[PDB]
Each structure stands twice: as structure tokens, then as C-alpha cells.
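File shown: start_5.txt (compact mmCIF, C-alpha atoms and all ligand atoms).
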```
# COMPACT_ATOMS: atom_id res chain seq x y z
CA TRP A 1 8.35 14.38 6.31
CA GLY A 2 5.03 13.23 7.70
CA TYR A 3 1.31 13.82 7.52
CA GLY A 4 0.81 16.94 9.67
CA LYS A 5 0.05 20.55 8.63
CA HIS A 6 3.77 21.43 8.68
CA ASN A 7 5.32 18.35 7.10
CA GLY A 8 2.43 16.75 5.17
CA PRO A 9 1.71 16.07 1.51
CA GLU A 10 1.52 19.77 0.60
CA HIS A 11 5.13 20.25 1.67
CA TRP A 12 6.75 17.14 0.15
CA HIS A 13 7.54 18.74 -3.22
CA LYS A 14 10.19 21.00 -1.72
CA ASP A 15 12.50 18.10 -0.83
CA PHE A 16 11.05 15.75 -3.48
CA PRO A 17 10.14 17.76 -6.57
CA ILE A 18 8.86 14.61 -8.29
CA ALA A 19 5.81 15.10 -6.03
CA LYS A 20 4.53 17.31 -8.92
CA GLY A 21 5.56 14.74 -11.53
CA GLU A 22 3.70 13.13 -14.42
CA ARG A 23 2.98 9.78 -12.83
CA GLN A 24 2.22 10.38 -9.18
CA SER A 25 0.01 8.23 -6.96
CA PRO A 26 -2.57 7.78 -5.64
CA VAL A 27 -5.27 8.76 -8.07
CA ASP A 28 -9.07 8.79 -8.23
CA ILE A 29 -10.35 5.82 -10.21
CA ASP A 30 -13.24 7.07 -12.30
CA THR A 31 -15.08 3.92 -13.16
CA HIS A 32 -16.74 5.54 -16.15
CA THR A 33 -13.42 6.44 -17.77
CA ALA A 34 -11.51 3.20 -16.94
CA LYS A 35 -11.71 0.80 -19.87
CA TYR A 36 -11.78 -2.98 -19.86
CA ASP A 37 -8.62 -4.34 -21.47
CA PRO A 38 -8.97 -7.82 -22.86
CA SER A 39 -5.19 -8.01 -23.39
CA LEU A 40 -4.60 -8.21 -19.63
CA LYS A 41 -3.51 -11.71 -18.61
CA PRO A 42 -4.79 -13.34 -15.42
CA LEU A 43 -3.29 -12.08 -12.17
CA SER A 44 -1.19 -14.63 -10.32
CA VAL A 45 -0.73 -14.09 -6.58
CA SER A 46 1.69 -16.81 -5.40
CA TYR A 47 2.10 -16.43 -1.68
CA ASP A 48 2.22 -20.10 -0.54
CA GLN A 49 5.93 -19.93 0.53
CA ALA A 50 5.82 -16.43 1.96
CA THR A 51 8.31 -15.91 4.73
CA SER A 52 7.39 -12.99 6.99
CA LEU A 53 10.12 -11.74 9.31
CA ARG A 54 9.17 -8.76 11.46
CA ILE A 55 6.72 -5.90 12.02
CA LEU A 56 8.06 -2.35 12.39
CA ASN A 57 6.55 1.01 13.38
CA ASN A 58 8.58 3.42 11.23
CA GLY A 59 6.77 6.54 12.38
CA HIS A 60 4.67 6.67 9.23
CA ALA A 61 2.85 3.32 9.29
CA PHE A 62 3.59 -0.23 10.43
CA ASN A 63 5.41 -2.47 7.98
CA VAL A 64 5.35 -6.27 7.84
CA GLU A 65 8.62 -7.31 6.25
CA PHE A 66 9.33 -10.51 4.27
CA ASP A 67 12.34 -12.51 3.15
CA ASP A 68 12.85 -11.51 -0.49
CA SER A 69 16.25 -13.25 -0.99
CA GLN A 70 14.48 -15.81 -3.25
CA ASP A 71 11.25 -16.20 -5.18
CA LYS A 72 9.08 -17.17 -2.16
CA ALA A 73 6.05 -14.91 -2.45
CA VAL A 74 5.55 -13.41 -5.88
CA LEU A 75 3.14 -11.52 -8.06
CA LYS A 76 2.97 -12.33 -11.75
CA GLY A 77 0.58 -11.91 -14.62
CA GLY A 78 -1.94 -9.19 -14.98
CA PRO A 79 -0.27 -6.21 -16.57
CA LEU A 80 3.13 -7.45 -15.41
CA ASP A 81 5.98 -8.89 -17.45
CA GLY A 82 8.15 -11.11 -15.31
CA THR A 83 8.24 -11.83 -11.63
CA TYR A 84 7.87 -9.45 -8.70
CA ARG A 85 8.89 -10.41 -5.20
CA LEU A 86 6.96 -9.37 -2.07
CA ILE A 87 9.16 -7.28 0.19
CA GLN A 88 6.66 -5.79 2.63
CA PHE A 89 3.12 -4.68 3.25
CA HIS A 90 1.66 -1.76 5.13
CA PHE A 91 -1.60 0.16 5.51
CA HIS A 92 -2.89 3.70 5.34
CA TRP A 93 -5.93 4.67 7.42
CA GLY A 94 -8.03 7.45 8.78
CA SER A 95 -9.16 9.06 12.01
CA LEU A 96 -12.75 8.13 11.15
CA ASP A 97 -14.28 5.51 8.89
CA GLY A 98 -15.09 7.91 6.03
CA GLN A 99 -11.46 8.49 5.08
CA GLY A 100 -8.19 6.64 5.13
CA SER A 101 -7.64 5.22 1.67
CA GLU A 102 -5.23 6.74 -0.82
CA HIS A 103 -6.86 5.67 -4.02
CA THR A 104 -10.52 6.60 -4.35
CA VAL A 105 -13.26 5.08 -6.52
CA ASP A 106 -15.57 7.64 -8.11
CA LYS A 107 -14.29 9.97 -5.33
CA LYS A 108 -15.27 7.47 -2.61
CA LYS A 109 -12.77 7.18 0.26
CA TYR A 110 -12.54 3.85 2.09
CA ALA A 111 -11.58 3.50 5.76
CA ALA A 112 -8.12 2.18 4.93
CA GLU A 113 -5.93 0.76 2.16
CA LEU A 114 -3.49 -2.18 2.25
CA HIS A 115 -0.35 -2.01 0.04
CA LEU A 116 1.60 -5.18 -0.78
CA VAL A 117 4.92 -3.96 -2.26
CA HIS A 118 6.81 -6.09 -4.77
CA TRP A 119 10.01 -5.55 -6.83
CA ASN A 120 10.93 -6.81 -10.28
CA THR A 121 13.47 -9.61 -9.94
CA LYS A 122 15.11 -8.77 -13.29
CA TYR A 123 16.88 -5.91 -11.42
CA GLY A 124 18.44 -8.07 -8.74
CA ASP A 125 17.63 -6.04 -5.65
CA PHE A 126 15.08 -3.54 -4.44
CA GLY A 127 17.48 -0.59 -4.58
CA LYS A 128 18.19 -1.20 -8.26
CA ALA A 129 14.51 -1.84 -9.02
CA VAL A 130 13.59 1.66 -7.74
CA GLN A 131 15.75 3.22 -10.45
CA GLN A 132 13.57 1.65 -13.16
CA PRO A 133 10.17 2.61 -14.57
CA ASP A 134 8.94 -0.99 -14.16
CA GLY A 135 10.80 -1.68 -10.95
CA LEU A 136 7.83 -2.13 -8.56
CA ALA A 137 4.31 -3.58 -8.44
CA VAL A 138 2.00 -2.60 -5.62
CA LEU A 139 -1.17 -4.57 -4.94
CA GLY A 140 -3.68 -2.20 -3.31
CA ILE A 141 -6.70 -3.46 -1.38
CA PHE A 142 -9.41 -1.27 0.14
CA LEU A 143 -10.76 -1.84 3.65
CA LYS A 144 -14.29 -1.07 4.71
CA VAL A 145 -15.73 -1.46 8.18
CA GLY A 146 -18.04 -4.42 8.71
CA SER A 147 -17.27 -7.95 9.80
CA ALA A 148 -13.85 -8.82 11.19
CA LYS A 149 -11.13 -10.06 8.86
CA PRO A 150 -9.75 -13.15 10.57
CA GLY A 151 -6.54 -12.99 8.57
CA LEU A 152 -5.82 -9.51 9.95
CA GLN A 153 -6.22 -10.38 13.58
CA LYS A 154 -2.61 -11.55 14.19
CA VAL A 155 -1.49 -8.14 12.96
CA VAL A 156 -3.94 -6.36 15.22
CA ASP A 157 -2.79 -8.56 18.12
CA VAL A 158 0.87 -7.40 17.89
CA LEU A 159 0.31 -3.64 17.55
CA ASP A 160 0.45 -3.12 21.33
CA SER A 161 4.08 -4.14 21.14
CA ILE A 162 5.13 -1.60 18.48
CA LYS A 163 3.24 1.44 19.66
CA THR A 164 5.96 3.98 18.96
CA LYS A 165 8.32 4.92 16.16
CA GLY A 166 11.32 2.62 15.98
CA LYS A 167 9.80 -0.36 17.73
CA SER A 168 9.76 -3.75 16.03
CA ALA A 169 8.68 -7.30 16.86
CA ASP A 170 9.15 -10.80 15.47
CA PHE A 171 6.41 -11.56 13.02
CA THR A 172 7.27 -14.86 11.48
CA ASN A 173 4.82 -17.41 10.06
CA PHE A 174 2.21 -14.87 8.97
CA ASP A 175 0.26 -15.78 5.77
CA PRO A 176 -0.62 -12.73 3.71
CA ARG A 177 -3.14 -14.78 1.72
CA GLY A 178 -5.51 -14.07 4.59
CA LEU A 179 -5.69 -10.41 3.69
CA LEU A 180 -7.16 -10.85 0.20
CA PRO A 181 -10.78 -10.54 -0.90
CA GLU A 182 -12.47 -13.29 -2.90
CA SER A 183 -12.12 -11.60 -6.29
CA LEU A 184 -8.90 -10.60 -8.00
CA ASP A 185 -10.75 -8.17 -10.45
CA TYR A 186 -8.55 -5.01 -10.54
CA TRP A 187 -7.72 -1.71 -12.07
CA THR A 188 -4.18 -0.93 -13.19
CA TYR A 189 -2.23 2.18 -14.09
CA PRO A 190 1.41 3.38 -14.00
CA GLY A 191 2.26 5.47 -10.92
CA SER A 192 4.54 5.99 -7.95
CA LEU A 193 5.24 5.39 -4.34
CA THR A 194 2.81 7.48 -2.30
CA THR A 195 5.42 8.36 0.33
CA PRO A 196 8.70 10.25 -0.08
CA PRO A 197 10.78 9.76 -2.17
CA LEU A 198 7.67 9.31 -4.36
CA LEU A 199 9.59 7.33 -6.98
CA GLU A 200 7.76 6.78 -10.27
CA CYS A 201 8.53 3.09 -10.53
CA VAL A 202 5.20 1.39 -9.75
CA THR A 203 2.72 -0.66 -11.71
CA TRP A 204 -0.42 -0.21 -9.53
CA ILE A 205 -2.86 -3.11 -9.28
CA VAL A 206 -5.87 -1.98 -7.22
CA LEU A 207 -8.45 -4.65 -6.39
CA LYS A 208 -12.08 -3.79 -6.99
CA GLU A 209 -13.45 -5.80 -4.08
CA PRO A 210 -12.72 -4.33 -0.61
CA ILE A 211 -12.05 -6.49 2.35
CA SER A 212 -14.18 -6.00 5.47
CA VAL A 213 -12.52 -5.36 8.83
CA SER A 214 -14.20 -4.78 12.14
CA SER A 215 -14.54 -1.48 13.93
CA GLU A 216 -12.42 -2.99 16.72
CA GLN A 217 -9.64 -3.91 14.33
CA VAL A 218 -9.40 -0.42 12.78
CA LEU A 219 -9.64 1.18 16.21
CA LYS A 220 -6.48 -0.72 17.15
CA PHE A 221 -4.66 0.81 14.14
CA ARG A 222 -5.64 4.22 15.45
CA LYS A 223 -3.98 3.61 18.81
CA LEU A 224 -0.51 3.48 17.26
CA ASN A 225 1.74 6.51 17.58
CA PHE A 226 3.73 8.55 15.03
CA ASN A 227 6.05 9.66 17.84
CA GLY A 228 8.89 7.77 19.50
CA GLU A 229 8.80 6.35 23.08
CA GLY A 230 8.59 8.87 25.88
CA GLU A 231 7.70 11.65 23.40
CA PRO A 232 4.29 13.38 23.44
CA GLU A 233 1.61 11.28 21.91
CA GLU A 234 0.58 11.91 18.32
CA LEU A 235 -1.89 9.23 17.26
CA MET A 236 -1.02 7.48 14.00
CA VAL A 237 -4.10 8.42 12.01
CA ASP A 238 -4.71 9.98 8.58
CA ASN A 239 -1.44 8.70 7.19
CA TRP A 240 -2.72 8.91 3.63
CA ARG A 241 -1.76 11.00 0.61
CA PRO A 242 -4.73 12.39 -1.32
CA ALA A 243 -5.44 11.80 -5.01
CA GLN A 244 -3.00 13.31 -7.48
CA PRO A 245 -3.48 14.55 -11.04
CA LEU A 246 -3.99 11.69 -13.52
CA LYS A 247 -2.28 13.62 -16.30
CA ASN A 248 -1.81 11.59 -19.49
CA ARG A 249 -2.60 8.21 -17.96
CA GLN A 250 -5.03 5.48 -18.72
CA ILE A 251 -6.55 3.29 -16.01
CA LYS A 252 -7.43 -0.16 -17.32
CA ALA A 253 -9.97 -2.62 -15.87
CA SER A 254 -9.39 -6.36 -15.87
CA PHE A 255 -13.14 -7.03 -15.74
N1 LIG B 301 2.55 3.69 -0.27
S1 LIG B 301 4.15 3.43 -0.23
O1 LIG B 301 4.85 4.51 -0.91
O2 LIG B 301 4.41 2.10 -0.70
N2 LIG B 301 4.63 3.53 1.36
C1 LIG B 301 5.83 3.24 1.72
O3 LIG B 301 6.79 3.26 0.77
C2 LIG B 301 7.60 2.15 0.53
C3 LIG B 301 8.94 2.33 0.16
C4 LIG B 301 9.73 1.19 0.05
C5 LIG B 301 9.28 -0.10 0.32
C6 LIG B 301 7.94 -0.26 0.73
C7 LIG B 301 7.12 0.87 0.83
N3 LIG B 301 6.15 3.06 2.99
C8 LIG B 301 5.13 2.94 4.04
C9 LIG B 301 5.13 4.23 4.91
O4 LIG B 301 6.47 4.43 5.43
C10 LIG B 301 7.38 4.72 4.32
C11 LIG B 301 7.48 3.38 3.55
ZN ZN B 302 1.36 2.65 0.87
```

Here is a file; write its structure as C-alpha cells.
Amino acid sequence: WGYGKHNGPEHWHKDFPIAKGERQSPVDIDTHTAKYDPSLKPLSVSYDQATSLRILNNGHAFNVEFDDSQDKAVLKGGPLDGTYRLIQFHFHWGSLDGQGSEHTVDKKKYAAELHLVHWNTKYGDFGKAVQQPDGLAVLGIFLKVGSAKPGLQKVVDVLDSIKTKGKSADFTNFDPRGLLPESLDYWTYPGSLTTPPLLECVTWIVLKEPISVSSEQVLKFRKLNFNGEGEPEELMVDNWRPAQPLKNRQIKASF
């Protein structure tokens, strides 16, 4: 699977029939249908002891991986019951600034979207968590093009070294706190992974406030390759799934 005409989102349902499921992601967030929910508790992003390990081009995106052997970087609160450990983050982005995000807001597409993936520690390990309807929590953050995001620059700086599928590099001592906007105001809804196997295990928490990144930063994302070394170059761009049917779901606002 991939993002091209012959292996892209329109084809995924043949190997992963859940692609046409009842709680697929992403979705369009219609701000006039989302309802404030005063029962939501404050979101707690606890990343002070985060332990990043490595950055990997997996042919679909680049992934910054963390040590999730212990409660070191966790998400709690909000719509969540319990504790969810950060395992990795990645981005989706476009070929041009007017597309790239997976979620949309009143049909607006942002230039890119950051996903911080967390699993529910009550299930012991990630593999067990993704067999549960509350196994994962993904914090989604939109990127727009404006001023540079200083906290993103160390990421941008290493991409030269993982240009092709299968390449990795040490990426210790990275602080993901530097990727957040000021506000933790969010929308939440039950959904899925947005990549095969498209498992319907995720509590989505999508921040309302985008972060700004510079044109130079996003241009460096677009120099990555989907292909492996020595293979013909296919630029890693437009690695986003479009909005899926909302079906019988409710999107709730924390604000
Ligand atoms: N939006 S997402 O489904 O989280 N994307 C991904 O799914 C996962 C699956 C497991 C752990 C973290 C993320 N990625 C990024 C692209 O390469 C495939 C893996
Ligand atoms: Zn993602």
C-alpha cells in the first residue's frame, strides 16, 4: 500500500475491508455541528521525561520513535480514562501548501498534520492495545505555513540522512513539547488509524490551534523519498488520507 493512483486510499479496502468501516479516520470537523462538552476533563500532556530514540523513513512518512517501556511521556485527561504512553510521532503533508492535512476544519485543508501516537497502558503493550476499542489516543496538530517552528528544526535538520525508505538515524534527546501550539483547546471523536491496517482503536484529540512552520521547513519534508536507495525517485508528498464518512459519530469540543 501507498499513496499513488495504483496503491492509494481508494484501493486499501481490498486488503483492509475495515477501510469502509463505521469509525474510520480522518474526518471533516464541521465546527457548526461539533458541540462543547462540559464533561470533558482538562487535557494533560506530560512529556517532561520523554525519551526519543530514532527517526525512520518507512516509505510512507518519517517516524520519530520513543522509549515506551515505562510511563515517561504520557497523555491523560481530556476524554481519556487512564494513561496513554507516547510511542511515536509522524507527519502527513502535501505537494503544495493548500493540502496535506488529514483532518479538515469546515473543509479547510492545512499544509500538514502532526500525529503523536499513544497506547493505553492498561493493555500492557502496543500490540495488545490495538485489539481494543480504547487502545490508542492520537494527538493531531495542524501545520500552516508562516514563521518557523524552532522546535521542529532538529527534525528538519536530520531528514537529509534518512532520504529513502528503510533509512534510520539516532534521534535521542528530542523534546516533543516544542511541537505544540500555545492552546490545548481540542476536538475529540472515536476513530481509527489513517494508514493500513486502519484499526478502529483510536480516541482522536485534534488541537484547534495550528502550529506555524516555515516554507523552508515544509520544503525539506517534500525532499524525502517514498522509494528505497538507488531506486527511481518518487518524492514523499501527499501522504495523506482524505476525509471519511462520519457515520453515527459525534465530535465534541473542549472549548
Ligand atoms: N496516521 S497513522 O495511522 O497513525 N499512521 C501510522 O500508523 C501508525 C501505526 C502504528 C504506530 C504509529 C502509527 N503510521 C505512519 C505512516 O506509516 C505507517 C505508520
Ligand atoms: Zn498519521

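Remark: for ligand ZN 302 (chain B), the closest of the candidate residues A:54, A:11, A:118, A:109 is A:118 (distances computed over all atoms listed in the file).
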
Next on the checklist: Env of residue 108 (chain A): 9 Å cut, atoms = all atoms listed in the file, seq-sep filter 6 positions within chain, self excluded. Answer as a ChimeraX atom specification.
Outcome noted: /A:28,98-99

message = Within 10 Å of ligand LIG 301 (chain B) (counting only C-alpha atoms and all ligand atoms), which residues show up? I'd like them as a ChimeraX atom specification.
response = /A:1-2,25-26,56-65,86-92,102,113-119,126-127,130,136-140,192-199,202,239-241

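Distances here use only C-alpha atoms and all ligand atoms; by that measure, the residue among A:218, A:112, A:179, A:184 closest to ligand ZN 302 (chain B) is A:112.
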
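Taking CA of residue 75 (chain A) and CA of residue 205 (chain A) as the two end points, the separation is 10.4 Å.
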
Residue 188 (chain A) surroundings by only C-alpha atoms, 12 Å radius, close-in-sequence under 3 positions cut, as number ranges by chain: A: 25-29, 31, 34-37, 40, 43, 78-80, 103, 137-140, 184-185, 191, 202-208, 249-255

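Nearest residue to ligand ZN 302 (chain B) among A:141, A:211, A:237, A:158 is A:141, counting all atoms listed in the file.
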
**Prompt:** Within 8 Å of residue 146 (chain A), counting all atoms listed in the file, which residues qualify if same-chain residues fewer than 5 places away don't, as a PyMOL selection string?
**Reply:** chain A and resi 212-215

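Between ligand ZN 302 (chain B) and the candidates A:232, A:4, A:124, A:242, the tightest atom-to-atom separation, counting only C-alpha atoms and all ligand atoms, involves A:242.
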
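Our summary of the geometry notes that CA of residue 6 (chain A) is positioned 24.4 Å from CA of residue 104 (chain A).
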
*asked:* With 7 Å as the threshold, what does the neighbourhood of (-0.3, 0.7, 22.6) contain in terms of residues, counting only C-alpha atoms? Coordinates are those of the file; answer as a ChimeraX atom specification.
replied: /A:159-161,163,223-224

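Among A:22, A:67, A:81, A:15, the residue with the shortest atom-to-atom distance to residue 173 (chain A), counting only C-alpha atoms, is A:67.
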
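Comparing A:209, A:32, A:94, A:135 by their smallest distance to residue 82 (chain A), the closest is A:135 (using all atoms listed in the file).
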
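Interatomic distance, CA of residue 133 (chain A) to CA of residue 3 (chain A): 26.3 Å.
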